[PDB]
Amino acid sequence: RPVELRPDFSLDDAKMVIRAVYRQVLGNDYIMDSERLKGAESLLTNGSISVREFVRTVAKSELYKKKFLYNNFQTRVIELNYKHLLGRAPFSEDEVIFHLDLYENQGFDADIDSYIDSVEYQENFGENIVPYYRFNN
Ligand SMILES: [Cl-]
């Protein structure tokens, strides 16, 4: 029922999954054709990478960074990551502080990896499902 990439997905199914990912991860802000990561898209469509690896790619791109990172304090960036990548809001200040320090020490890419590498993300979306806003956890 959530936007998924089942095996033997058709070429249409991939385009649809790709749109879902752009919508989710770039926070429902439709992006110009020039902003698309066609190389990445193409690889997903071939079966070389999974939905999850595609999500990670978009979240670490200049496209995401320009929209959410460069013109925000990290505390707001973290909120946005939770929303885009985990489909929810932080439960606590603790959760933010954690990512705050991870970003301070390990940098932005590593922080992004952390949301997507989480057990929470594995259990909810795994390799083939596009993160969606869970109104209930
Ligand atoms: Cl690309």
# chains A, B, ... in the order shown; residues from 1 in each chain; ligands from 1

call {"tool": "select_by_dssp", "arguments": {"residues": "segment 22-77 of chain A", "states": "helix (DSSP H, G or I)", "output": "PyMOL selection string"}}
result
chain A and resi 22-25+38-46+51-59+62-68+74-77

call {"tool": "residues_near_ligand", "arguments": {"ligand": "ligand 1", "cutoff": "10 Å", "atoms": "only C-alpha atoms and all ligand atoms", "output": "PyMOL selection string"}}
result
chain A and resi 35-43+57-58+61

call {"tool": "write_last_selection", "arguments": {"atoms": "N, CA and C atoms", "output": "CSV table (one decimal), in the first residue's frame"}}
result
chain,number,residue,atom,x,y,z
A,35,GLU,N,17.0,19.8,-12.3
A,35,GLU,CA,17.4,19.5,-10.9
A,35,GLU,C,17.4,17.9,-10.6
A,36,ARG,N,16.6,17.2,-11.4
A,36,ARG,CA,16.6,15.7,-11.3
A,36,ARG,C,17.9,15.1,-11.4
A,37,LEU,N,18.1,14.0,-10.7
A,37,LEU,CA,19.3,13.2,-10.7
A,37,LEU,C,19.1,12.0,-11.6
A,38,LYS,N,19.1,12.3,-12.9
A,38,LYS,CA,18.7,11.3,-13.9
A,38,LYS,C,19.7,10.1,-13.7
A,39,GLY,N,21.0,10.3,-13.6
A,39,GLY,CA,21.9,9.2,-13.4
A,39,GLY,C,21.5,8.3,-12.3
A,40,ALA,N,21.2,8.9,-11.1
A,40,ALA,CA,20.7,8.1,-10.0
A,40,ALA,C,19.4,7.5,-10.3
A,41,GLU,N,18.4,8.2,-10.9
A,41,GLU,CA,17.1,7.7,-11.3
A,41,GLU,C,17.3,6.4,-12.2
A,42,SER,N,18.3,6.5,-13.1
A,42,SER,CA,18.5,5.6,-14.2
A,42,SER,C,18.9,4.3,-13.5
A,43,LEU,N,19.9,4.4,-12.6
A,43,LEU,CA,20.4,3.3,-11.8
A,43,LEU,C,19.3,2.6,-11.0
A,57,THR,N,20.7,9.0,-1.6
A,57,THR,CA,21.3,9.9,-2.6
A,57,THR,C,20.7,11.2,-2.7
A,58,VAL,N,19.4,11.3,-2.8
A,58,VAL,CA,18.7,12.6,-2.9
A,58,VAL,C,18.9,13.4,-1.7
A,61,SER,N,22.3,15.1,-1.7
A,61,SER,CA,22.6,15.9,-2.9
A,61,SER,C,22.6,17.4,-2.6

call {"tool": "residues_around", "arguments": {"residues": "residue 53 of chain A", "least_positions_apart": "4", "cutoff": "10 Å", "atoms": "only C-alpha atoms", "output": "ChimeraX atom specification"}}
result
/A:40,44,48-49,57-59,116,127-128

call {"tool": "atom_distance", "arguments": {"atom1": "atom CA of residue 117 of chain A", "atom2": "atom CA of residue 95 of chain A"}}
result
15.0 Å

call {"tool": "closest_residue", "arguments": {"among": "A:33, A:21, A:67, A:134", "to": "residue 54 of chain A", "atoms": "only C-alpha atoms"}}
result
A:21

call {"tool": "residues_around", "arguments": {"residues": "residue 1 of chain A", "least_positions_apart": "2", "cutoff": "10 Å", "atoms": "only C-alpha atoms", "output": "PDB file with C-alpha atoms, in the first residue's frame"}}
result
ATOM      1  CA  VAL A   3       4.867   3.401  -2.363  1.00  0.00           C
ATOM      2  CA  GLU A   4       7.027   0.387  -2.946  1.00  0.00           C
ATOM      3  CA  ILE A 129       9.615   1.577   0.445  1.00  0.00           C
TER       4      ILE A 129
END

call {"tool": "closest_residue", "arguments": {"among": "A:32, A:11, A:100, A:78", "to": "residue 45 of chain A", "atoms": "only C-alpha atoms"}}
result
A:11

call {"tool": "atom_distance", "arguments": {"atom1": "atom CA of residue 110 of chain A", "atom2": "atom CA of residue 79 of chain A"}}
result
16.0 Å

call {"tool": "closest_residue", "arguments": {"among": "A:74, A:66, A:19, A:24", "to": "residue 107 of chain A", "atoms": "only C-alpha atoms"}}
result
A:74

call {"tool": "residues_around", "arguments": {"residues": "residue 88 of chain A", "least_positions_apart": "2", "cutoff": "8 Å", "atoms": "only C-alpha atoms", "output": "MDAnalysis selection string"}}
result
chainID A and resid 82:84 86 90 133:135

call {"tool": "write_last_selection", "arguments": {"atoms": "C-alpha atoms", "output": "mmCIF file, in the first residue's frame"}}
result
data_model
loop_
_atom_site.group_PDB
_atom_site.id
_atom_site.type_symbol
_atom_site.label_atom_id
_atom_site.label_comp_id
_atom_site.auth_asym_id
_atom_site.auth_seq_id
_atom_site.Cartn_x
_atom_site.Cartn_y
_atom_site.Cartn_z
ATOM 1 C CA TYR A 82 13.225 13.677 10.646
ATOM 2 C CA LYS A 83 10.224 14.757 8.589
ATOM 3 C CA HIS A 84 11.650 13.883 5.129
ATOM 4 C CA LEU A 86 11.700 9.286 8.980
ATOM 5 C CA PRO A 90 11.531 14.443 16.847
ATOM 6 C CA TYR A 133 4.694 10.729 7.054
ATOM 7 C CA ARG A 134 3.591 8.320 9.782
ATOM 8 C CA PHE A 135 0.992 10.102 11.864
#

call {"tool": "atom_distance", "arguments": {"atom1": "atom CA of residue 62 of chain A", "atom2": "atom CA of residue 5 of chain A"}}
result
25.2 Å

call {"tool": "residues_around", "arguments": {"residues": "residue 68 of chain A", "least_positions_apart": "4", "cutoff": "9 Å", "atoms": "only C-alpha atoms", "output": "ChimeraX atom specification"}}
result
/A:26,63-64,72,76-77,80-81

call {"tool": "write_last_selection", "arguments": {"atoms": "C-alpha atoms", "output": "CSV table (one decimal), in the first residue's frame"}}
result
chain,number,residue,atom,x,y,z
A,26,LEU,CA,12.3,17.4,-1.1
A,63,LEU,CA,19.6,19.8,-4.3
A,64,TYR,CA,18.6,18.9,-0.7
A,72,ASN,CA,19.0,27.1,8.2
A,76,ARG,CA,15.9,23.2,11.9
A,77,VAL,CA,17.8,21.0,9.4
A,80,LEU,CA,13.5,18.6,8.4
A,81,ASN,CA,15.5,15.4,8.2

call {"tool": "closest_residue", "arguments": {"among": "A:56, A:136, A:92, A:47", "to": "residue 109 of chain A", "atoms": "only C-alpha atoms"}}
result
A:56

call {"tool": "closest_residue", "arguments": {"among": "A:69, A:85, A:51, A:20", "to": "residue 115 of chain A", "atoms": "only C-alpha atoms"}}
result
A:85

call {"tool": "closest_residue", "arguments": {"among": "A:99, A:125, A:130, A:114", "to": "residue 17 of chain A", "atoms": "only C-alpha atoms"}}
result
A:130
